[PDB]
Each structure stands twice: as C-alpha cells, then as structure tokens.
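Below is one structure; the comments refer to it alone.
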Amino acid sequence: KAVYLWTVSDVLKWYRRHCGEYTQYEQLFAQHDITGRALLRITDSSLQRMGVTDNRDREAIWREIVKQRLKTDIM
C-alpha cells in the first residue's frame, strides 16, 4: 500500500512491524491521528512535541520514518 494512502490503522501496523521495540509510544500515533500523509510530513521536532522526549527513542523512531520515506521516494 502506498504510504500517501495509509490510514492511521495502516500507520499503527507499520509502527508495530518496524518500531516493535518502542511500542510504549504507539498510542501517540493514534491520539495524534497520524495518517500516512502525516507520516510523510512529520519532523523530529513533531515527535518531541507528541512527547517522545527521550533522545535515543526518538532517534530510533525517526530513522524508521526516514527509512519509509526513502522506500517511497525510490519508487
């Protein structure tokens, strides 16, 4: 499924699969209503505003977001 079309549920499924060691934050994605379109636009600073203040955790999640953008872009 193209990321642009991902629902929040699609985002949560992606998050569980790729950020499985950071599940503690998973509800932030639902509470902030992060669709695929939002996922492609969010910044490291958005993550910190959602409450991922731990640097190493936020770095890890951010890298997964960038990895997904790269997959999307090479297509």
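As shown in the structure tokens, the chain order sets the letters A, B, ...; within each chain, residues go from 1, and ligands are also counted from 1 in the order they appear.
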
TODO: Name all residues at most 12 Å from residue 24 in chain A (count only C-alpha atoms; drop same-chain ones fewer than 5 positions away) and give them as an NGL selection string.
DONE: :A and (15-16 or 19 or 29 or 51-52 or 54 or 57-58 or 61)

Open item on the list: For the structure I just gave you, how does DSSP split chain A - specifically, which residues are helix (DSSP H, G or I)? Reply as JSON, numbers by chain.
Closed with: {"A": [3, 4, 5, 8, 9, 10, 11, 12, 13, 14, 15, 16, 17, 18, 20, 21, 22, 23, 24, 25, 26, 27, 28, 29, 30, 31, 36, 37, 38, 39, 44, 45, 46, 47, 48, 49, 50, 55, 56, 57, 58, 59, 60, 61, 62, 63, 64, 65, 66, 67, 68, 69, 70, 71, 72, 73, 74]}

Open item on the list: Please determine, counting only C-alpha atoms, which residue among A:5, A:65, A:12, A:74 has the shortest atom-to-atom distance to residue 39 in chain A.
Closed with: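 Under the stated criterion, the closest residue is A:65.
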
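You can rank A:18, A:23, A:46, A:37 by their closest distance to residue 2 in chain A using only C-alpha atoms, and at the top of that list sits A:37.
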
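Note that CA of residue 55 in chain A and CA of residue 4 in chain A are 27.2 Å apart.
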